[PDB]
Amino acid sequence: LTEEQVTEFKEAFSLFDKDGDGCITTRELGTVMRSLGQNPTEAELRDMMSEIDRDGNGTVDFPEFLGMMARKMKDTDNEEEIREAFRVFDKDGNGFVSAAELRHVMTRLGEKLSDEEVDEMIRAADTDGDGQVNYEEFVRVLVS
């Protein structure tokens, strides 16, 4: 992460760590959520904390909080990277990747494929039978 990002996350952490002791407990997470107009149960708060408490000591320190934010940012970036790739493959912007578009963009990526090979790729990913690859069909492949 950048210095900047670490700084914004340190500010956020400080808002949860009400007593300033360096860790966020389930009670402090309760106090933050109620201050936002929410009202979780104690079981729900233990469950939310469990997902972020990497070492299992029951509370969340700043390295664990930063690890949660870094993984959230990476998930958002991977999703954006796959969307951007789809928009680059869909050269005419109609929302579908055709066999001709896929053959052409693979050459830009350094792969010279035959029309039969690209047509096999289209049929493997084309789960609705329209002969083109739509965005969700593309995501399915890039996630497998």
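In this text, residue numbers run from 1 along the sequence as written.
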90-98 versus 71-79 - greater average Cα B-factor per the deposited record: 71-79
Of 5-13 vs 120-128, the stretch with the larger average CA B-factor in the entry is 5-13
Just the C-alpha B-factor column, please: which of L29, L109, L113, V60 has the biggest number? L109
Name the residue from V105, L45, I52, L36 with the greatest C-alpha temperature factor listed in the entry. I52
